[PDB]
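Some notes on the structure that comes next.
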Amino acid sequence: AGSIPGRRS
Amino acid sequence: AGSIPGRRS
Amino acid sequence: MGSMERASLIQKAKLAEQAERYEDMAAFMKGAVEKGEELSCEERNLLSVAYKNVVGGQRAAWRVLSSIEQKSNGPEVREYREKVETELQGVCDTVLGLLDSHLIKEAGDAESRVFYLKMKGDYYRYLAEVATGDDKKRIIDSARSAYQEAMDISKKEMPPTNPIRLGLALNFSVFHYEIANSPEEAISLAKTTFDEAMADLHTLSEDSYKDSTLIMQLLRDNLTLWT
Amino acid sequence: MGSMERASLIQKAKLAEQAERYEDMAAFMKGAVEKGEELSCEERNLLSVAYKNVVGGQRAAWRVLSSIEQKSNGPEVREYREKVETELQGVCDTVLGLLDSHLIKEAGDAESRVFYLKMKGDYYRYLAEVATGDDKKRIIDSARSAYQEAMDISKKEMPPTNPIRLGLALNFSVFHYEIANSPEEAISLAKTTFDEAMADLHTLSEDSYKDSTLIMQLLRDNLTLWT
Ligand SMILES: *Cc1ccc(C(=O)Nc2ccn(C)n2)cc1
Ligand SMILES: *Cc1ccc(C(=O)Nc2ccn(C)n2)cc1
Ligand SMILES: [Cl-]
Ligand SMILES: [Cl-]
């Protein structure tokens, strides 16, 4: 189950 | 140009 | 970072992101927040990306060590898992401290307030992932309360396709499924969020359409995994 | 790490590798070395893998920042490149200090002595990558001298297919090509190393054959890039 990746920008 | 990776084990 | 200019901290945060030096990036953005001024949209994203990467590495390591520890059940595996766990909790506490002093109370616009409250829910969720007892219930309720206030504002003040609103609903649905033992609530929220966004896509430009449909695909991916 | 048992440090280094926590892994292995006992073959590999990953991240970040700095030619990019550069130099100095106090002087067997001297050449090579003047020439000579002593021992004491001997020759050839401005020496060393290993492969078991041919492929890859 994926949360927002939010690792870029 | 690659040296030995040597990043595992 | 008290002796460095706010603008230099922001510039160096962007450089650290390019260098994939996320610990540095987080320290720079922490220094920028502590200058006491509100953060722009771009600056909020830099703060979020920095700490998400830092705690993301800690969570991944904690899961590896927790899995090894469960298979074993000397003190070394437990001790090292505890060390990583304490470091993760310290980073979460640092982020929560920044939101509480004083990002959230100065955030008046919907876009900033929802952003920070979603962050608050996320980092309490990360604390809940490693919590066990006496505090797990209160930590879970702290996450739920932050997410819920963010939801209430986003439903009142943002269109259903707003990427912040969509990402908040995505993460709240993950909270329901993974933390709160409420998979039906998780599925219902993801479905209703997706359907209401789909009906609003006709209002968007080409670029906004791409932004919103990307996050709707993440909701769809979860529904596919959960059903 | 003075209060932790040597065996616990080794165990935790292995756990940190599984968790991809290479900074921790390096600190654990540094503590193990400072216990003062010689290192086993496995323990040497753990020390090497830990610091190779740490400095590998620093070198990658330094290259990103150095490239941005060259394109610009405020002080921020230079300042941040300098900060990363100083941190990289500190890690190299730490490794070189461990080899000098007292890994190398207690290493009597060919397998341990060549291993440590190759390390010494590698970390002086990393220092040379970021050095400019007054010291770059002396740093380059320090790398060359370490590699050369390792070569001399490995040619006398190891078969041409020994993975340590092959990896030493590979890295010395990279030193010649990238640091010493001697591409013909780099190509000649890589070719002679490959050919002499090929002629010795018939002596090896199935598993040793796989170990040696893997490194010979790395020599071949470089020759393909250089010719
Ligand atoms: C919680 C969260 C993090 C990141 C996003 C996102 O990708 N937003 C976005 C994409 C394009 N634009 C303009 N904003 C959403 C939610
Ligand atoms: C400098 C260096 C690092 C790593 C190797 C290597 O891969 N050695 C190896 C493979 C299999 N066995 C038993 N040893 C070589 C050289
Ligand atoms: Cl520990
Ligand atoms: Cl700096």
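Residues in the structure tokens are numbered from 1 in each chain, the chains being A, B, ... in the order shown, and ligands are numbered from 1 in the order shown.
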*List the neighbours of residue A:2 out to 9 Å using only C-alpha atoms; skip same-chain residues closer than 6 positions along the sequence, and give me the result as a ChimeraX atom specification.*
/C:170-171,174,218-219,221-222
*Do you know which residues are within 10 Å of ligand 2 using only C-alpha atoms and all ligand atoms? Can you write them as a count of residues only?*
38
*Compute the set of protein, DNA and RNA residues whose minimum atom distance to ligand 4 is at most 8 Å, using only C-alpha atoms and all ligand atoms, and state it as a PyMOL selection string.*
(chain C and resi 12) or (chain D and resi 76+79-83)
Once you count only C-alpha atoms and all ligand atoms, what closest atom pair and distance in Å to one decimal does each residue of chain D within 10 Å of ligand 3 have, with rows by chain and rising residue number, as a Markdown table?
```
| residue | atom | partner | partner_atom_place_in_ligand_line | distance |
| --- | --- | --- | --- | --- |
| D:1 | CA | ligand 3 | 1 (Cl) | 9.6 |
| D:4 | CA | ligand 3 | 1 (Cl) | 8.8 |
| D:8 | CA | ligand 3 | 1 (Cl) | 8.8 |
| D:9 | CA | ligand 3 | 1 (Cl) | 8.4 |
| D:12 | CA | ligand 3 | 1 (Cl) | 7.0 |
| D:13 | CA | ligand 3 | 1 (Cl) | 9.7 |
| D:16 | CA | ligand 3 | 1 (Cl) | 9.8 |
| D:24 | CA | ligand 3 | 1 (Cl) | 9.0 |
| D:28 | CA | ligand 3 | 1 (Cl) | 8.9 |
```
*Could you please select, counting only C-alpha atoms, the residues of chain D within 12 Å of chain C and state them as a ChimeraX atom specification?*
/D:4-22,24-25,28,54,57-69,74-81,83-84,87
Could you write out that same residue set with N, CA and C atoms as a CSV table (one decimal), in the first residue's frame?
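That gives us selection36.csv:
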```csv
chain,number,residue,atom,x,y,z
D,4,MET,N,31.6,-1.3,23.6
D,4,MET,CA,30.9,-2.5,23.0
D,4,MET,C,31.9,-3.6,22.6
D,5,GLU,N,31.4,-4.8,22.8
D,5,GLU,CA,32.3,-6.0,22.5
D,5,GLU,C,32.6,-6.0,21.0
D,6,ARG,N,33.9,-6.5,20.8
D,6,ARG,CA,34.3,-6.6,19.4
D,6,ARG,C,33.3,-7.5,18.6
D,7,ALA,N,32.9,-8.6,19.1
D,7,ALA,CA,32.0,-9.5,18.4
D,7,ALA,C,30.6,-8.8,18.1
D,8,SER,N,30.2,-8.0,19.1
D,8,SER,CA,28.9,-7.3,18.9
D,8,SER,C,29.1,-6.2,17.8
D,9,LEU,N,30.2,-5.5,17.7
D,9,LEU,CA,30.5,-4.6,16.7
D,9,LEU,C,30.4,-5.2,15.3
D,10,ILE,N,31.0,-6.4,15.2
D,10,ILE,CA,31.0,-7.1,13.9
D,10,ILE,C,29.6,-7.6,13.6
D,11,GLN,N,28.9,-8.1,14.5
D,11,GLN,CA,27.5,-8.5,14.3
D,11,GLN,C,26.6,-7.3,13.8
D,12,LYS,N,26.8,-6.2,14.5
D,12,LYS,CA,26.0,-5.0,14.1
D,12,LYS,C,26.5,-4.4,12.8
D,13,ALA,N,27.8,-4.5,12.4
D,13,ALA,CA,28.2,-4.1,11.1
D,13,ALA,C,27.4,-4.9,10.0
D,14,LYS,N,27.3,-6.2,10.2
D,14,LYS,CA,26.6,-7.0,9.3
D,14,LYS,C,25.1,-6.6,9.2
D,15,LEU,N,24.5,-6.3,10.3
D,15,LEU,CA,23.1,-5.9,10.4
D,15,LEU,C,23.0,-4.5,9.6
D,16,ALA,N,23.9,-3.6,9.9
D,16,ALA,CA,23.8,-2.3,9.2
D,16,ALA,C,24.0,-2.5,7.7
D,17,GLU,N,24.8,-3.4,7.2
D,17,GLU,CA,24.9,-3.6,5.8
D,17,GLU,C,23.5,-4.1,5.2
D,18,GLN,N,22.8,-5.0,6.0
D,18,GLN,CA,21.5,-5.5,5.5
D,18,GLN,C,20.5,-4.3,5.5
D,19,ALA,N,20.6,-3.4,6.4
D,19,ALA,CA,19.7,-2.3,6.5
D,19,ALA,C,20.2,-1.1,5.6
D,20,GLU,N,21.3,-1.3,4.9
D,20,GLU,CA,21.9,-0.2,4.0
D,20,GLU,C,22.1,1.0,4.8
D,21,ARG,N,22.6,0.8,6.1
D,21,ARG,CA,23.0,1.9,7.0
D,21,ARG,C,24.5,2.0,7.0
D,22,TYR,N,25.1,2.5,5.9
D,22,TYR,CA,26.6,2.3,5.8
D,22,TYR,C,27.4,3.2,6.7
D,24,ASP,N,26.6,3.9,9.8
D,24,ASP,CA,26.6,3.0,11.0
D,24,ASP,C,27.6,1.9,10.8
D,25,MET,N,27.6,1.2,9.7
D,25,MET,CA,28.5,0.1,9.4
D,25,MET,C,29.9,0.5,9.6
D,28,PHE,N,30.8,1.1,13.2
D,28,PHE,CA,31.0,-0.2,13.9
D,28,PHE,C,32.3,-0.9,13.6
D,54,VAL,N,30.3,4.8,2.1
D,54,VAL,CA,30.3,6.1,2.6
D,54,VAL,C,30.9,7.1,1.7
D,57,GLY,N,29.1,7.8,-1.7
D,57,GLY,CA,28.1,8.8,-1.7
D,57,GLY,C,28.7,10.2,-1.7
D,58,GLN,N,29.8,10.4,-0.9
D,58,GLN,CA,30.4,11.7,-0.9
D,58,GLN,C,31.0,12.1,-2.2
D,59,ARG,N,31.6,11.1,-2.9
D,59,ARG,CA,32.2,11.4,-4.2
D,59,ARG,C,31.2,11.8,-5.2
D,60,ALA,N,30.0,11.0,-5.2
D,60,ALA,CA,29.0,11.3,-6.1
D,60,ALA,C,28.4,12.7,-5.9
D,61,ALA,N,28.2,13.1,-4.6
D,61,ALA,CA,27.7,14.4,-4.3
D,61,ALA,C,28.7,15.5,-4.7
D,62,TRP,N,30.0,15.2,-4.4
D,62,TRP,CA,31.0,16.2,-4.8
D,62,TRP,C,31.1,16.4,-6.3
D,63,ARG,N,30.9,15.4,-7.1
D,63,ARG,CA,30.9,15.5,-8.6
D,63,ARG,C,29.7,16.4,-9.0
D,64,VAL,N,28.5,16.1,-8.4
D,64,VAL,CA,27.4,16.9,-8.8
D,64,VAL,C,27.6,18.4,-8.5
D,65,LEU,N,28.1,18.7,-7.3
D,65,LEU,CA,28.4,20.1,-6.9
D,65,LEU,C,29.5,20.7,-7.7
D,66,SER,N,30.6,20.0,-7.9
D,66,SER,CA,31.7,20.5,-8.7
D,66,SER,C,31.2,20.9,-10.1
D,67,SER,N,30.3,20.1,-10.7
D,67,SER,CA,29.8,20.3,-12.0
D,67,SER,C,29.0,21.6,-12.0
D,68,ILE,N,28.1,21.8,-11.0
D,68,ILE,CA,27.3,23.0,-11.0
D,68,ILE,C,28.2,24.2,-10.8
D,69,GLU,N,29.3,24.1,-9.9
D,69,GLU,CA,30.2,25.2,-9.7
D,69,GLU,C,30.9,25.6,-11.0
D,74,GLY,N,26.3,33.8,-6.2
D,74,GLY,CA,26.9,33.9,-4.9
D,74,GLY,C,27.9,32.9,-4.5
D,75,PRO,N,28.3,32.9,-3.3
D,75,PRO,CA,29.3,31.9,-2.8
D,75,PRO,C,28.7,30.6,-2.4
D,76,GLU,N,27.4,30.4,-2.5
D,76,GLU,CA,26.8,29.2,-1.9
D,76,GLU,C,27.3,27.9,-2.5
D,77,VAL,N,27.3,27.8,-3.9
D,77,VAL,CA,27.7,26.6,-4.5
D,77,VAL,C,29.2,26.2,-4.1
D,78,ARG,N,30.1,27.2,-4.2
D,78,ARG,CA,31.4,26.9,-3.7
D,78,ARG,C,31.5,26.5,-2.3
D,79,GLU,N,30.7,27.2,-1.4
D,79,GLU,CA,30.8,26.9,0.0
D,79,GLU,C,30.3,25.5,0.3
D,80,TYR,N,29.2,25.1,-0.4
D,80,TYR,CA,28.6,23.8,-0.1
D,80,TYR,C,29.5,22.7,-0.7
D,81,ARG,N,30.1,22.9,-1.9
D,81,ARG,CA,31.1,22.0,-2.4
D,81,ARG,C,32.2,21.8,-1.5
D,83,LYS,N,32.2,22.2,1.8
D,83,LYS,CA,31.7,21.4,2.9
D,83,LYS,C,31.7,19.9,2.7
D,84,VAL,N,31.1,19.5,1.5
D,84,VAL,CA,31.2,18.1,1.2
D,84,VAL,C,32.6,17.6,1.0
D,87,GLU,N,34.2,17.0,4.3
D,87,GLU,CA,33.7,15.8,4.9
D,87,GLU,C,34.3,14.5,4.2
```
_as a PyMOL selection string, please: every residue in stretch 6-225 of chain D that DSSP puts in helix (DSSP H, G or I)._
chain D and resi 6-18+22-33+41-72+76-103+110-130+136-157+163-179+183-198+201-203+206-225
